[PDB]
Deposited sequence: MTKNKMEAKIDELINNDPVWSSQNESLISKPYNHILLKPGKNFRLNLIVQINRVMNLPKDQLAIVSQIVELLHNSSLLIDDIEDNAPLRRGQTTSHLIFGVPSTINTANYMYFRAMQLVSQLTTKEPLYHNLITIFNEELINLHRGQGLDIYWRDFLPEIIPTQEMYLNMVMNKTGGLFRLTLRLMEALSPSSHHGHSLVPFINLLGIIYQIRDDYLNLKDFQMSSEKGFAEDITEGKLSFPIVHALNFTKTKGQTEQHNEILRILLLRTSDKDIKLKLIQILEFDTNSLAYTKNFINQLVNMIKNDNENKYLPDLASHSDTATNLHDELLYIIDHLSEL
């Protein structure tokens, strides 16, 4: 009969997937492309290439891979932080919903992975590009897992500066290392230590500017993040016996508040009571002087 014949045809062919289908599920992703991201990224990749010297067409693919992983990971990051804005517009998950956004972001992680084989035909080198991809993706999720856990289960764990830096080495260092390691493996004195330093500077600076200044006003406070200035402050208050301030910092973080005055109060506690903002600014300058007093690093 015809039903059996049609079922037979179905199971003997590859799953049917159309262009229209590809478009429908790409919506959460297409939305974040509507706004440009730091364009100075292909900029960073172009700099590092002065040293790696990859051929233009191979470099392009590395760039596409990292751009894709980066843009899609932001979709997930914003769900995980329940963020309202990204690149000055509403986050995808508030528009298309959390379910679609998770699935689309995860879909793009595997599309990124598929691009890797466009880099080489040589089994050995391929094997190493894949291992690098797998390793850093593992590191990336270990660090983000720690960051989310500390924030969502606060005050169960109050991280020390040491713990925060290790989380960053996993998370933000993971994407910087991913980009550098792929290029070093493709290139015809590794820069890994230098790229780890850059990732840390970047994350701490990112935490700092969030309070010093589109994602909204000091949105890291609304999200309750254990940011670099917050970690210094929680440890500073514990160490100095400032019991009341230590507890009020925790309380404000736990409110997940959008109240601008409450956020401003916390920011001035970091300014005048714990001097965490100045501590952070100096810490950043000290890391930068590690490069300078030893060009990309200029941002």
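In sequence order, the gaps in C-alpha coverage of the deposited chain fall at 1-3, 192-196, 222-226, 308-331, 337-340.
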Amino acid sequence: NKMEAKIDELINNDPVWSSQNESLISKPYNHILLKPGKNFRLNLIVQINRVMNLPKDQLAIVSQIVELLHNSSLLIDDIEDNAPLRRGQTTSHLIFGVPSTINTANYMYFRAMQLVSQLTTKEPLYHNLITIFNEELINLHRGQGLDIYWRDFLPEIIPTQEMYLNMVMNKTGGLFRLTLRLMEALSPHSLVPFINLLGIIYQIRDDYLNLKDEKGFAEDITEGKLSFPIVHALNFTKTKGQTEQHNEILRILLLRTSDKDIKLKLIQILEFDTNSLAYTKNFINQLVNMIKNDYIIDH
From here on, numbers count along this sequence of modelled residues.
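Compared against other deposited entries of this protein, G241 counts as consistently modelled, with coordinates in all of those that resolve the residues around it and thus below the third mark. Note: missing coordinates for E214 occur in a third or more of the other compared entries bracketing this position. If you average the C-alpha B-factors over 102-110 and over 130-138, the higher value belongs to 130-138. Looking at 218-226 and 113-121 together, the entry lists the larger mean B-factor for 113-121, computed on C-alpha atoms.
Of the candidates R256, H31, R251, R41, the one whose C-alpha carries the top B factor in the deposited record is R41. For the set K27, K263, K56, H232, the maximum C-alpha B-factor listed in the entry falls on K56. Among all modelled residues in its chain, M52 ranks in the highest third by Cα B-factor. Per-chain ranking of the deposited C-alpha B factor places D78 in the lowest third. For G173, the recorded CA B-factor ranks within the middle third of the chain. Only modelled residues enter the ranking. Sorting the modelled residues of the chain by their CA temperature factor places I267 in the lowest third. Ranked by Cα temperature factor within the chain, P159 sits in the middle third according to the deposited record.
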